[PDB]
Amino acid sequence: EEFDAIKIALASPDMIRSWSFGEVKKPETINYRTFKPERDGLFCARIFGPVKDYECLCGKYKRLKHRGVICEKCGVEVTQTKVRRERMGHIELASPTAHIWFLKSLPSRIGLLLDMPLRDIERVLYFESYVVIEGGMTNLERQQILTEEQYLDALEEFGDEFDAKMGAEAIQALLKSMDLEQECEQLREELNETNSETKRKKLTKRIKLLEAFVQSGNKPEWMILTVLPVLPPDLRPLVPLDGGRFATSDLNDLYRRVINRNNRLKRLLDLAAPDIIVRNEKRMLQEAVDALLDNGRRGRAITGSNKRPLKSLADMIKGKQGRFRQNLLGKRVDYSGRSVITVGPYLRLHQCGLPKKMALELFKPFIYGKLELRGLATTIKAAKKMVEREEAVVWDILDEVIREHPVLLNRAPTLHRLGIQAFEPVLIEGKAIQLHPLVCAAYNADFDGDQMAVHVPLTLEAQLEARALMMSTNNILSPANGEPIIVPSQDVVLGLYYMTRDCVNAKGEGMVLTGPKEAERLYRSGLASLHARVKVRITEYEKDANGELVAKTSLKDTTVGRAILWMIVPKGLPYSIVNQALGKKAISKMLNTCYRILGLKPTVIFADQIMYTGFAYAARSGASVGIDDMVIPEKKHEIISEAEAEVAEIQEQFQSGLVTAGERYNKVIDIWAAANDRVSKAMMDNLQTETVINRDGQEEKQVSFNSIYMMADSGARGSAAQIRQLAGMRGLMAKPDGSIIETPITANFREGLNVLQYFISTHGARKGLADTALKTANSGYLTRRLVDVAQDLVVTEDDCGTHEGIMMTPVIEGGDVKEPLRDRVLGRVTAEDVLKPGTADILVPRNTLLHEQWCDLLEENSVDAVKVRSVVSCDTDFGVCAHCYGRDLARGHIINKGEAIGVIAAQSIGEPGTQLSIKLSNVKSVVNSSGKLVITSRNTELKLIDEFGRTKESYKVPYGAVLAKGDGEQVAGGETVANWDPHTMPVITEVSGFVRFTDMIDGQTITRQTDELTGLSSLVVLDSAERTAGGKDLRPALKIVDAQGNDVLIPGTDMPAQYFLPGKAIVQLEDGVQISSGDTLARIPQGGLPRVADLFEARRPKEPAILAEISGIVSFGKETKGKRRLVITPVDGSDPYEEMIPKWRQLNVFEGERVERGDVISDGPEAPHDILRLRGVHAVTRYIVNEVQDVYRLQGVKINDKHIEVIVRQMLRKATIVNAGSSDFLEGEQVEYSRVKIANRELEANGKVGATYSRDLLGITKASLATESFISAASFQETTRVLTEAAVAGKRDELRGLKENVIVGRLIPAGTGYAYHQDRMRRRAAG
Amino acid sequence: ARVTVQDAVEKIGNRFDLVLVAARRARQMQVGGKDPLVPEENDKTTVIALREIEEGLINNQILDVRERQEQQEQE
Amino acid sequence: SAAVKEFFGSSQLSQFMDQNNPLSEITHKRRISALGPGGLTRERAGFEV
Amino acid sequence: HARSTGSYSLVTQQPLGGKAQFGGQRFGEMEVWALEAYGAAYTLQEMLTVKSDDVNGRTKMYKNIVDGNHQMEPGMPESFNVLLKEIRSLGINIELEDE
DNA sequence: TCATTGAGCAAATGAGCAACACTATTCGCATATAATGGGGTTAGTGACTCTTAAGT
DNA sequence: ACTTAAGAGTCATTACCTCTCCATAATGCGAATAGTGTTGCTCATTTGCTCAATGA
RNA sequence: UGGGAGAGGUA
Ligand SMILES: [Mg+2]
Ligand SMILES: [Zn+2]
Ligand SMILES: [Zn+2]
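Protein chains in written order, with UniProt numbering: chain A, 15 to 930, 957 to 1126, 1136 to 1376; chain B, 2 to 76; chain C, 499 to 547; chain D, 1244 to 1342.
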């Protein structure tokens, strides 16, 4: 019951006969006169144990006094009836048949072991063609598949020397006669002479398979089923119906088929049947056994009586309704309720209203215990009936029991971890669970008919989890990003916006008040409104250096509503918290500031009090919607008429025949977009500032008190797009073919649409409703795949002591700041120092958690980039340390050791899937004759650094682009500095002089033609695919020389100044002219959720970018073929590398320059596998994080980058070995990177050479399947393939995963169970 | 300890260690019937043990040496 | 009789009438379901149909 | 709908599903991941064993809750034994190797 | 001299066995003009990956 | 000696509620075995009752 | 009582 490992292997026939208790020899299950089970049947009592507790079948032994005996009359062993689901039988098959798993699950393992094709093995098993096992003559070798005619020829020819059998018994004899170590040694010799790619891969597959058999100790004859085991008859039960008829399982039908055909084969072998009949019966038994093991696998699936295919054993375990994903991971659970949810705003943050009857049904054994303790019930039956009669003493005892006993409120689908929270229940009269209004932003639940499950923790440990870890006052901050999710939502927000907004001359403006209490007294007496601009006295408490609170008291120019909220805001916050109009972002910043200053308990009472006052003043407001409140702008018809006249003008121009149809289409869309923007701007102007009728200074202007604008500007419900569709113009609606329709829906939802506009709108409405369903399914599939990769990651160590890290620069692509340094680095731990003078000389040491104060210091001193320790670079085996991960985002401090990171990271990523001066760097340039500077590099980036040192923008310039500004020059804004040729790629030079037209002749490499505009001849270099026989061995060169003709050298190198230009070049420069330096010479021409799923599944795209694998210069080596090879030789050593590039793809790097490690040779998207293998682990981590965050910022969802780094670290777990030392890794075996790190640590400890490696970015599906745990892999996906590979290789499970301990039934090593698991681990180590 | 277990968390240093220490204290109050050092004020044993940790009487090593003292006084 | 009772009793289109009010009766009789014997499924149906 | 302790299934011996047959609410795969994210290992263990398919553990839990002592007597569930017997009936030797 | 403890005993009832005699079930066996190659799917999937095979 | 097509395989969210529906065909005749009834008999269990020491 | 299909509906 306390086992360390779950070892899986193949089953010998002796082991199957050791499992069984009796041979099942009859197909009939039970009788019909009296329903006792038969003898040697499918339900038999002698084989599968007794039917009743401690009773035989005849009734002789009938008590526990005879504890365990065998009945001499009927054979039924007197035991408990629990052994009807623990005892197996066995069927003794006449002809030994083949297992369908180890034959049809590709790779077949029988074709891979015997080295025979699967079609020929299937022909042998189908009794269509003989196979020869052994033969003494040289005519018939081993495994020569003969036909019937060839066997009848060989029988009359030799008849005595060879032995050829047909069927599965022949394959059993073949696997018996083969020799595992002899074939392994012969293939090890065969691998060494020559290495073709397909032959070496097939040979190493077979060698890995044979070495798996020898090291696991299995035998190859065990794949042929001779003895078939039988499931116990309470696991293939016989359940009745309500009308006397029986409804059995499909396994009883399949077992009846196998037993009947096996008994008929025994009868046909005893009756001396003909060869055709006994061969067909052997084939039928093979088909029946294969159907029972996997129905839908071999051929046509055997259907039952109701025309549906039967459920086999492989269909019971594998699938969506299989044993794993329906009963092992997620089980049904007692002590559980379910009801509709309503709103309780009178509650606190940690309370929920359970009904009386539902909680009486929930807490029933607890009421039994308190009834028998207080002496009000003698026995359990009396207590049962006192609860069932619902007495007043039962209600009082229930009120005592339910006090301080938290229950979990679950709501499906539980996307993120805040979908389960523990609440102290309060008994109410009703039938609906009254939630708090604040937690329904965490639950994503509105009250339109939702339903929530109520689970009751029983034990004291479970009540303490629900009180310390899962209480609703503890998880305020979201674990995705460190922002509070217990936030006012739409109604508190409308009330607080109406409070802290101010009018101009409302009622009682310009008084002086003794404080917040007198302001509240003035409003509730009625002498002053909520919008009177008044001077109040405010006594705010600032924070000292220690925990003391100093005070200041002055007069502030406030409103009455802000002076009412100052009674609510606790001591410790400034007045600039309250002194603005509070939208949803403003109240979020209020709760965040109150958290970081005060803690948790002032934050909880502030949220409850701000919700109470928000609800109360939204009720006192009366903020109603009306038909006079959706104010249509009075200049809508004029703009619409002008736009229709302009569209009709371009239409009649097209009907005259001047402008084409596509340009008319693009012009009409651009005109209607401009018209829609103008109407929306006029609508927003006339709705924001319509309130102008004022007094007490003059006719003044202010923001409007319109309720539609109020519930838009507050961030409560809706946005400016929704207000535009209500009041302005509906806009341009799209067809389901993607193309935007030309005429738009001009009417809004106030004037009412006509028939055709509504029928056009139904396209997008049904499309959006259809799209939403698809993304949720995709997001849940993505969330399951992400969780099943990141299962095995937990915090183990407190610190690993590494020196690596990822330098976090703010993402500065384009013209704006996407993420600031504060959002990028707040929470992580600094790897190195910050070495810059700056203004204050900030020097944070290593191993420092970056708090908000340290990040404020970084913002003040304006640091460009800081290097912090990431999860990917952590050097801890089987788990990460706390200092590399950094801050527990749900709490706000450093992460406790033992808490599972990866499940939180996978949930936080897959939850919004249902919502989806001039600075020059890396340059090589030369000053031209005019100062218009040109760049001779491709990887040049143009950085835009401010005068303080920080970076403002970023731009990448092309190679050969012109530039007017040098380094250190500060140009003003709006100046166009980026000037470049977009379609042509120049071939510019850096030296001056004359040109020598060498190695180009008119006729075989260049085309003699002229330009059609100027009359000058132009020498276009002809491409090598259309050249003649004279141009297959030459490369034309623009031999730039000096003014008289000597070969000028490049300054710095020893390469001659040559320029091998490619084809299709517009050579305008002729011989005998003067050429400057830096001038041109010739012209050479050129979703959200699927993108996230393709980044995480690590897919090679449709057009990968060719990169340079070794640093050095590049030259061409192979001629007379269009596949351009690059002999990229290094500048120090020899070249062992070449590269094959197809015909039509263009090249960016010419054959005269030198590339670094990982240079873009061919443009396009770059594949993440070669990104890793060439650039580095930190580079592929930064690529995946940036390209995922681009999607999540496009849609507007905040997600911290540490979660994406956790998924990347779980993707990079494998590491193939390129060269071994003295370790037990021979060649190309994809072992885990933690295993080779431990092996290299041991080898460098005892002083040896060590073994190098090379990591590889596996996808999510391939990583979770190549996880070393067969139980985790089979619970995720592909149960047939995972169990087949584990059974052949003889693997074992060490029980170290969270999913593994969910399946087995132990405490997970995640959080509270981590102490128990490390105690068990040290107990196993110390003994 | 009724509404928030925050000061008990800052006293212990670990949420999961707090759950384990309060579970052993609540097991000693439910099984053995030991004397709670705080006034119970008609609360449950979970909140009583959490209040004892909130004051600062119960720690892992302190409850272990107290259990060792009772064991060595039994012998 | 076995074939016509199977169609009229246990087909995929001969379904239980939602008759909780007259509007549900009249909109269950004016219904054109593209599924059934010889039609689509909820797996073989994209955004085209 | 609510359920304290009623009828149980026959193949897996975990409680039934449905208001008409007095069923228990399903604690699905998403909720198992939420408890793993919380770190409530004791709540996860007592929701997979003693509130579910483990007859000896749930009977001792019922007697202990009635007798006042809220203690946990865990054990291996029976769906895992169903899984072991089904793989062994497929013909693949899987065993719980002791130590 | 009598209540209290220690030990046992005939008798009534519940359980059951052993051998034998009648009887309702169940299974092996026989039908003699001639009869000599079958139904039944899935049909408006999508995307991706792995293996095998003709093509270059 | 390597590179594109054909074919097979494997997934495509969670939780709950209601309803209906889940089959028909050869006869007969002894032989033999399992089942049930019958009568005489033994054995384990419990209970009111009896008998023998012993101090008050 | 428990099992399996088909249809409908709610979030
Ligand atoms: Mg809802
Ligand atoms: Zn018996
Ligand atoms: Zn680390």
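For every residue, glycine included, the Cβ atom is placed at its ideal position computed from N, Cα and C.
{"Item": "Proximity below 9 Å, CB of residue 992(A) to CB of residue 826(A)", "Value": "yes"}
{"Item": "Which residues DSSP lists as bridging residue 1100(A), in chain order", "Value": "1077(A)"}
{"Item": "Euclidean distance between Cα positions of residue 93(A) and residue 1346(A)", "Value": "37 Å"}
{"Item": "Chain A residues whose Cβ lies nearer than 8 Å to that of residue 1332(D)", "Value": "102, 243, 244, 245 and 327"}
{"Item": "Three-state class that DSSP yields for residue 1042(A) in the structure shown", "Value": "strand"}
{"Item": "Contacts around residue 151(A), its chain only, beta-carbon distance under 6 Å, and the 5 residues preceding and following it disregarded", "Value": "175"}
{"Item": "Buried versus exposed call for residue 686(A) [16 or more other C-beta atoms within 10 Å across all chains shown]", "Value": "buried"}
{"Item": "Residue 114(A) versus residue 345(A): straight-line alpha-carbon distance, rounded", "Value": "31 Å"}
{"Item": "Where residue 1314(D) sits in the DSSP three-state scheme", "Value": "coil"}
{"Item": "Chain-ordered neighbours of residue 1312(D) on chain B, where CB pairs are closer than 8 Å", "Value": "31 and 32"}
{"Item": "Residues that residue 1019(A) bridges to, as DSSP identifies them", "Value": "1002(A)"}
{"Item": "Beta carbon proximity, residue 47(A) to chain D, threshold 9 Å", "Value": "no"}
{"Item": "Start and end residues, alpha helix (DSSP H) containing residue 290(A)", "Value": "289–307"}
{"Item": "Short-range partners of chain B found in the region 1248–1274 of chain D, where Cβ spacing is below 9 Å", "Value": "none"}
{"Item": "The region 480–491 of chain A in contact with the region 63–70 of chain B per 3-pair CB rule at 8 Å", "Value": "no"}
{"Item": "Beta carbon proximity, residue 1300(D) to chain B, threshold 9 Å", "Value": "no"}
{"Item": "Boundaries (first-last residue) of the alpha helix (DSSP H) holding residue 790(A)", "Value": "769–803"}
{"Item": "Burial state of residue 751(A), where buried means 16 or more other Cβ atoms lie within 10 Å", "Value": "exposed"}
{"Item": "Bridge-paired residues (DSSP) for residue 177(A)", "Value": "148(A)"}
{"Item": "Proximal residues of chain B, C-beta to C-beta of residue 384(A) below 9 Å", "Value": "Here the premise fails: no neighbours, minimum Cβ distance about 12 Å."}
{"Item": "For residue 707(A), three-class secondary structure by DSSP", "Value": "coil"}
{"Item": "N-terminal and C-terminal residue of the alpha helix (DSSP H) that residue 35(A) is part of", "Value": "Careful: residue 35(A) lies outside any alpha helix (DSSP H), inside the beta strand (DSSP E) at 34–37."}
{"Item": "Distance CB(residue 1290(D))-CB(residue 1265(D)) smaller than 9 Å", "Value": "no"}
{"Item": "Per-residue burial, residue 1276(D) [other beta carbons within 10 Å of its own, 16 or more giving buried]", "Value": "buried"}
{"Item": "Cβ neighbours of residue 75(A) in the same chain (closer than 8 Å, five flanking residues each side left out)", "Value": "68, 69, 83, 85 and 92"}
{"Item": "Between the CA atoms of residue 268(A) and residue 249(A) - distance to the nearest angstrom", "Value": "14 Å"}
{"Item": "Reduced DSSP category for residue 328(A) - H, G, I as helix; E, B as strand; rest coil", "Value": "helix"}
{"Item": "Against chain D: residues of the region 124–147 of chain A by CB proximity under 8 Å", "Value": "none"}
{"Item": "Residues bridged to residue 1342(A) [DSSP beta-bridge criterion]", "Value": "20(A)"}
{"Item": "Proximity below 9 Å, CB of residue 1280(D) to CB of residue 431(A)", "Value": "yes"}
{"Item": "Check your reading: residues with Cβ closer than 7 Å to ligand 2 heavy atoms", "Value": "70(A), 71(A), 72(A), 73(A), 74(A), 75(A), 85(A), 87(A), 88(A) and 90(A)"}
{"Item": "Coil, strand or helix - residue 1257(D) by DSSP", "Value": "coil"}
{"Item": "Three-state secondary structure assigned by DSSP to residue 674(A)", "Value": "coil"}
{"Item": "For residue 1028(A), three-class secondary structure by DSSP", "Value": "coil"}
{"Item": "Sequence-distant residues of its chain with Cβ nearer than 7 Å to residue 1365(A) (five each side left out)", "Value": "1356"}
{"Item": "Exposed unless 16 or more other CB atoms sit within 10 angstroms - verdict on residue 1027(A)", "Value": "buried"}
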